[PDB]
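> Residue numbers (the entry's author numbering), protein chains in the order written: chain n, 2 to 61; chain V, 494 to 542; chain j, 6 to 100; chain i, 5 to 129; chain c, 2 to 207; chain g, 4 to 152; chain s, 4 to 81; chain m, 3 to 110.
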Amino acid sequence: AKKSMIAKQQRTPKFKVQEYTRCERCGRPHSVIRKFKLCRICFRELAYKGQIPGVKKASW
Amino acid sequence: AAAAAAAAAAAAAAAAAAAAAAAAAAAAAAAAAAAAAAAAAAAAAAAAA
Amino acid sequence: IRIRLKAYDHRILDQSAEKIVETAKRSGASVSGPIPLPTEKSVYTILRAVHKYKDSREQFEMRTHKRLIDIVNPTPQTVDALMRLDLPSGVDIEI
Amino acid sequence: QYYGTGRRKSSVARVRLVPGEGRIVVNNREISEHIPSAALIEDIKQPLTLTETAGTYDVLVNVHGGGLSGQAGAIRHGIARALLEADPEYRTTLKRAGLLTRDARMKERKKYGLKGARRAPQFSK
Amino acid sequence: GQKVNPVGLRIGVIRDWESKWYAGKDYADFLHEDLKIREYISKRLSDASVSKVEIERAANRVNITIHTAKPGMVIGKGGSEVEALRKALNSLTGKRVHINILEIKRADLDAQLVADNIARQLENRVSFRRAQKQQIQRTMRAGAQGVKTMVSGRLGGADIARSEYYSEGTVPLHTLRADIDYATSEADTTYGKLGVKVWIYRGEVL
Amino acid sequence: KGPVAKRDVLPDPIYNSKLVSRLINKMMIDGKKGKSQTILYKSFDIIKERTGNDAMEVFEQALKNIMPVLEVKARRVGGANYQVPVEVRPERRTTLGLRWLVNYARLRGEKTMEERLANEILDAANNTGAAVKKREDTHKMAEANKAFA
Amino acid sequence: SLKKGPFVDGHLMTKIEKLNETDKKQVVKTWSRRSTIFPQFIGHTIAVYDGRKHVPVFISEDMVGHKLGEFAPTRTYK
Amino acid sequence: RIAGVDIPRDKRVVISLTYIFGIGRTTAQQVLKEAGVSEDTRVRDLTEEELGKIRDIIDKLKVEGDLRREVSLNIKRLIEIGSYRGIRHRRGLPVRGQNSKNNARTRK
RNA sequence: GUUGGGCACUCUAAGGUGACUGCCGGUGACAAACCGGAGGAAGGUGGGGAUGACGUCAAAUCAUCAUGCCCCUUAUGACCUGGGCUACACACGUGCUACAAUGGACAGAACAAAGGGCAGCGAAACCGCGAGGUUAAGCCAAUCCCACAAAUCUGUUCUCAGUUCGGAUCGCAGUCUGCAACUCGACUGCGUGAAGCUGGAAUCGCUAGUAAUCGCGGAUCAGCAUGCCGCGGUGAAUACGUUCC
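#1: To which residues of the same chain is m:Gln31 closer than 7 Å at the C-beta, ignoring the five residues directly before and after it?
#2: Go to j:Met67, then tell me how far its beta strand (DSSP E) extends in each direction, as first and last residue.
#3: With contact counted as at least three CB pairs below 8 Å, one residue from each stretch, are the stretch 69-87 of chain g and the stretch 193-206 of chain c in contact?
#4: Taking the beta carbon of n:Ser5 as the centre, do at least 16 other beta carbons fall within 10 Å, making it buried, or is it exposed?
#5: So, under 8 Å CB-CB, s:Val58 and s:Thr39 are touching, yes? Tell me the CB distance rounded to an integer number of Å.
#6: Can at least three beta-carbon pairs, one atom from the stretch 70-90 of chain i and one from the stretch 41-48 of chain i, be found at a separation below 8 Å?
#7: Against s:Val60, what residues of chain m qualify as contacts under a CB-to-CB distance less than 9 Å, listed in chain order?
#8: Check the Cβ-Cβ distances between i:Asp107 and every residue of chain g, and say whether any is below 8 Å.
#9: From i:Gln5 to j:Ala29, what does the alpha carbon distance come to, in whole angstroms?
#10: Is there a Cβ of chain n sitting closer than 8 Å to that of j:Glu45, yes or no?
#11: Which two residues bound the contiguous beta strand (DSSP E) that contains m:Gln100?
#12: Any C-beta of chain c sitting closer than 8 Å to the C-beta of residue 126 of chain j?
#13: Leaving out the 5 sequence neighbours to the left and right, which residues in its chain are closer than 7 Å to j:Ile6 when beta-carbon positions are compared?
#14: Counting only runs that start and end within the stretch 100-161 of chain c, where is the alpha helix (DSSP H) found for 4 or more residues in a row?
#15: Taking only the alpha-carbon atoms, compute the straight-line gap between c:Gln113 and c:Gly9 and give it to the nearest angstrom.
#16: For a contact defined as C-beta to C-beta under 9 Å, what are the partners of n:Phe16 on chain c?
#17: What separation, rounded to the nearest whole angstrom, lies between the Cα atoms of i:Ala17 and i:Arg11?
#18: Kindly list, in the order they appear in chain m, the residues whose Cβ is closer than 7 Å to that of residue 3 of chain s.
#19: Would m:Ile77 be called buried (16 or more neighbouring beta carbons within 10 Å of its own) or exposed?
#20: Distance, Cα to Cα, j:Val84 vs j:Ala22?
#21: On the DSSP bridge assignment, give the partners of j:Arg9 in chain order.
#22: Kindly say whether i:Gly69, judged by its beta-carbon, lies nearer than 8 Å to any beta-carbon of chain j.
#23: Could you list the residues in the stretch 65-97 of chain j with a C-beta less than 8 Å from some C-beta on chain c, going in chain order?
#24: Would g:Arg119 be called buried (16 or more neighbouring beta carbons within 10 Å of its own) or exposed?
#25: Starting from m:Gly54, trace the alpha helix (DSSP H) both ways and give me its first and last residue.
#26: Going by DSSP, what residues sit across from c:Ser164 in a beta bridge?
#27: Please name the residues in the stretch 6-22 of chain j whose beta-carbon is closer than 8 Å to at least one beta-carbon of chain c, in chain order.
#28: Out of c:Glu169, c:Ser168, c:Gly170 and c:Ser153, which has the shortest C-alpha to C-alpha gap to c:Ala162?
#29: Considering only the alpha carbon of each residue, which of g:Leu66, g:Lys45 and g:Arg78 lies closest to g:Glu117?
#30: I'd like to know whether the C-beta of V:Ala527 is nearer than 8 Å to at least one C-beta of chain g.
#31: Would you say the beta carbon of j:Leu73 comes nearer than 7 Å to a heavy atom of the ligand ZN?
#32: Using C-beta distances below 6 Å, list every residue in its chain close to g:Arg138, excluding the 5 sequence neighbours before and after it, in chain order.
#33: Assign c:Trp22 to one of three DSSP states: helix, strand, or coil.
#34: Do residue 1 of chain c and c:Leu90 have their CB atoms nearer than 8 Å?
#35: Could you spell out where the beta strand (DSSP E) holding c:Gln3 opens and where it closes?
#36: So for j:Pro81, helix, strand or coil by DSSP?
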């Protein structure tokens with residue numbers, strides 16, 4: 002069950018509280034960041050591949 | 494305070510010199526002899542007061 | 006005429022700052038300079054590992070820094086000069 | 005109007021030494037009105053006691069940031085800097101006493117997997 | 002557990018962003034539009050050997066620059082390539098697209114085209130020594146102070162898969178002013194999936 | 004590796020001593036010098052009141068009673084567990100005296116550590132006291148094991 | 004449910020008021036556990052769906068301030 | 003003594019009244035504000051007027067056995083009706099909804 | 001600091017300069033280097049981060065993804081409601097709160113940093129003991145809001161008890177979020193107040209703005225934080241040494 006669940010999130014449910022955040026590139030909840038609307042590992046991959054214009058390696 | 498500190502310190506350094514002499518009797522020749530002589534005389538000097 | 010540029014790179018924002026600064030300064034508008042305004046930055050800490058290893062993380066950094074430019078005297082020659090400044094997509098002019 | 009900046013532990017004080025008798029005025033309040041625990045009051049006075057400056061300048065201080073001992077360090081550092089601006093002479097005395105160092109001991113940044121930038125949670129075998 | 006990718010490591014030191022704009026209020030929507038763009042363009046021109054795509058966002062306008070290392074497959078007949086490229090993007094994205102196509106002189110220094118050229122040869126069943134050594138000769142004659150190509154997977158040996166390093170010259174991954182091109186590619190063969198990792202120390206910036 | 008050294012702050016607004024601020028930094032619970040300074044000055048004011056002396060001299064006299072000449076370290080050779088007597092260098096004499104004052108004061112039990120530390124100083128002055136149990140017992144351990152040095 | 008009103012589902016309220024407009028009947032198969040017990044429910048043996056079956060419970064004078072799923076534990080233990 | 007149970011003579015009034023089953027701190031302060039004892043007296047030192055007011059104020063309030071009998075009625079209520087929360091009351095498992103693979107050591 | 005005024009000062013964010021054993025003396029082959037000294041905001045990789053070599057454990061991930069091979073297919077696929085992932089006799093890792101006068105409660109005075117806010121942050125006023133409620137200013141934010149920091153300091157009060165310690169658990173009545181808080185949410189109010197009076201064998205963290213302690217913030221998210229990630233506040237004790245693990 003992957004594309005069915007992605008499709009179910011891409012629907013409009015019965016109630017607004019059934020709406021939950023999801024991947025948009027690599028299908029999974031648990032740690033989809035609201036800002037990027039992206040999964041965590043896919044954020045790490047794309048931010049390594051020079052995309053996602055804000056994030057570089059952090060040090061302070 | 495003073496006499497007890499002097500007594501215990503002089504006796505511990507005295508046993509240091511004596512054990513250092515008696516562990517090896519013929520080596521690192523003779524500084525231990527002056528050490529034990531001065532320490533024993535100073536122990537008598539401290540106990541005399 | 007309170008132009009707030011905000012970008013991710015400081016050098017691109019410097020180019021788009023001094024371009025407005027010079028084009029408005031040359032025609033007498035009494036340009037108060039590129040006032041540097043505090044950056045809003047966000048830190049995203051991420052479990053590096055695919056599956057396990059909560060102790061193994063990696064931190065990413067997004068800095069958006071902004072600078073304020075004010076033009077006080079009207080001088081609409083400067084406004085017609087500002088309207089034709091084509092400066093790139095990095096900086097987000099908002100007058 | 006001799007002026008000195010003091011920085012300590014994310015606190016910054018602005019010390020202006022006016023010719024007076026020895027009153028220190030922190031944000032329109034006085035010393036024990038704003039700093040209790042008079043070890044900080046005598047320690048905040050150390051640049052004015054090491055070189056003989058005992059009653060020849062009042063001190064006016066504008067402080068912000070940090071906590072009260074951090075503000076104490078910023079005030080005494082700004083005093084030592086403005087008191088160099090008074091006489092450049094006794095820089096050897098202040099420097100042998102410290103007083104131009106700005107202890108850079110900022111509170112350290114927390115690391116991931118640690119509790120408090122050195123703390124490991126607990127190890128069990 | 003090993004090395005951080007140097008592409009993601011030198012962003013904001015010397016290597017720029019591919020995707021260059023500033024966020025206004027729909028940053029996520031611009032991101033996922035550009036993911037659909039990059040997927041579509043990498044599918045259509047992963048035959049025509051395009052390495053990298055830089056996207057601008059210019060207030061209803063998008064400047065896409067395309068780095069190919071050959072012009073006349075991508076500018077082509079003049080009309081037809083930029084037409085057939087901009088037309089489906091103007092529809093499936095929803096706004097205006099401008100296309101500027103920069104050509105990479107010295108095609109053997111960009112690690113994406115190098116890793117794809119090694120992957121194709123693995124799909125053409127060229128031996129995994131001939132691919133890497135041939136390509137290392139191509140890069141070291143095209144002029145590079147170091148190249149490292151590492152291929153892993155089932156090499157034609159069934160129940161054990163292992164990694165293979167070949168390299169020439171200095172590839173100093175710890176010097177943070179290095180200008181190293183890193184790139185992955187995949188090669189789906191009958192025995193599974195091979196992974197090509199190429200990174201090219203090309204020269205540093207003072 | 005090599006030895007590293009430390010520092011400490013010179014005055015106290017009443018009782019201008021180094022070692023009294025050394026006791027202020029001691030007995031600090033959870034980063035509160037304010038509570039330890041209040042406890043300390045109320046205790047030394049009790050020592051100035053209850054015995055008509057300045058509490059500096061009573062406090063140093065108590066220190067002189069507690070500061071141990073001879074620690075006895077360990078030296079395990081084989082299955083022997085020998086203890087070896089060590090002449091304490093006087094920095095550690097002062098710091099073991101301060102630990103024993105602080106620990107046995109708060110270990111006594113009275114209706115403030117003001118009173119507990121004050122009465123522990125008053126006992127270590129007139130040498131019979133709680134930290135001086137540790138002084139006597141360390142000197143007895145060094146006296147029995149003096150054969151090794 | 005504080006001052007918005009109490010809560011019941013419209014289908015179970017509909018069925019119970021159909022049951023109360025004439026007379027009582029068999030158990031009411033109701034998947035709703037989330038719904039409070041109104042005092043107009045009293046006497047109605049109703050079948051709460053616990054997760055795998057419909058358990059019949061008979062409602063009294065006391066069983067009002069709670070809900071339906073307090074009267075159907077879902078986990079069997081020893 | 004007042005509700006059939008003692009209060010200690012040597013405490014203050016606000017907290018000697020706490021030992022009655024049904025009066026904590028804040029109901030004690032609600033009493034002694036109406037009475038006006040100013041919260042600083044022993045209860046070994048009061049007058050019969052000023053303590054009789056304390057007695058009949060506590061007599062108006064639901065304190066000693068009323069509380070026990072009604073809470074026994076509540077426990078018997080959710081024991082008799084069924085009521086999984088009363089199953090938790092009965093069995094020795096936590097009532098308000100609490101995890102039980104760990105501690106839950108007030109109840110067994 | 002509201003106005004006018006000023007860029008001095010802090011601050012902010014850009015370009016610099018800046019610390020390199022550079023200079024002195026000593027030791028040491030003359031080297032490399034080391035010890036003390038001077039200057040200096042900074043002294044010997046100044047403090048920290050990011051960076052994790054060849055390889056080891058066929059370590060982990062087919063459940064982020066992609067996947068070779070094998071299997072199911074009107075089902076090992078799909079929808080829907082309901083339950084469960086929160087069970088509970090037990091063990092076991094990590095954590096929170098205490099066992100109390102350096103304490104508890106009450107009142108007064110002050111001091112932060114870092115970060116967030118558009119169908120969002122939400123002032124102020126009013127009501128409610130309180131959780132909160134109604135109307136709503138300003139704010140796409142160095143302005144406005146979150147946001148009244150807390151330990152601290154100073155007074156009042158208790159006086160060493162299973163208590164004016166501690167809050168488990170529990171009854172009743174409430175509040176908010178949201179179709180909906182029964183299993184299974186957080187918070188408040190009243191009442192009840194337990195075990196616990198510093199912990200056996202064993203065992204862990206930390207070398208300085210650290211440990212200890214105190215609050216603050218943000219992700220996630222309608223709502224759920226004692227977890228995590230950062231932030232400041234006060235702020236130590238010790239390092240003789242390499243005998244032992």
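From the three backbone atoms N, C-alpha and C, an ideal C-beta is built for every residue, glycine too.
Per the coordinate set shown:
#1: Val16
#2: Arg62 to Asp75
#3: no
#4: exposed
#5: No, s:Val58 and s:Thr39 are not in contact; Cβ-Cβ is about 18 Å, not under 8 Å.
#6: yes
#7: Result: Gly84.
#8: Using a Cβ-Cβ cut-off of 8 Å, i:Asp107 does not count as an interface residue toward chain g, since no Cβ of chain g sits closer than that to its own.
#9: 40 Å
#10: no
#11: DSSP places m:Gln100 outside any beta strand (DSSP E), giving it a letter other than H or E.
#12: In the structure displayed, chain j extends from 6 to 100; residue 126 of chain j sits before or after that span and is not available.
#13: Counting only residues of its own chain and dropping the five nearest sequence neighbours on each side, j:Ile6 has a CB closer than 7 Å to the CB of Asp75, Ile76 and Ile100.
#14: With a minimum length of 4 residues, the continuous alpha helix (DSSP H) runs that stay inside the stretch 100-161 of chain c are 112-124 and 131-143.
#15: So the alpha carbons of these two residues sit roughly 15 Å apart.
#16: Residues of chain c with a Cβ closer than 9 Å to the Cβ of n:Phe16 do not exist, since the nearest Cβ in that chain sits about 23 Å away.
#17: Approximately 7 Å, taken between the alpha carbons.
#18: Lying before the first or after the last residue shown, residue 3 of chain s is absent from chain s, which here runs from 4 to 81.
#19: m:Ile77 comes out exposed.
#20: 15 Å
#21: j:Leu73
#22: no
#23: Those residues of the stretch 65-97 of chain j that come within reach of chain c (Cβ to Cβ, closer than 8 Å) are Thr69, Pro93, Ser94, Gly95, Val96 and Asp97.
#24: buried
#25: Start and end: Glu50 to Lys62.
#26: c:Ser153
#27: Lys11, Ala12, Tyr13 and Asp14
#28: c:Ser153
#29: g:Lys45
#30: no
#31: Ligands are entirely absent from the displayed structure, and the ligand ZN is therefore not among its contents.
#32: Excluding five sequence positions before and after g:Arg138, the CB atoms of its chain that fall closer than 6 Å to its own CB belong to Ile69 and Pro71, given in chain order.
#33: Residue state, collapsed to three classes: coil.
#34: There is no way to answer for residue 1 of chain c, as the model of chain c reaches only from 2 to 207.
#35: No beta strand (DSSP E) holds c:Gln3; DSSP gives it neither H nor E.
#36: Residue state, collapsed to three classes: helix.
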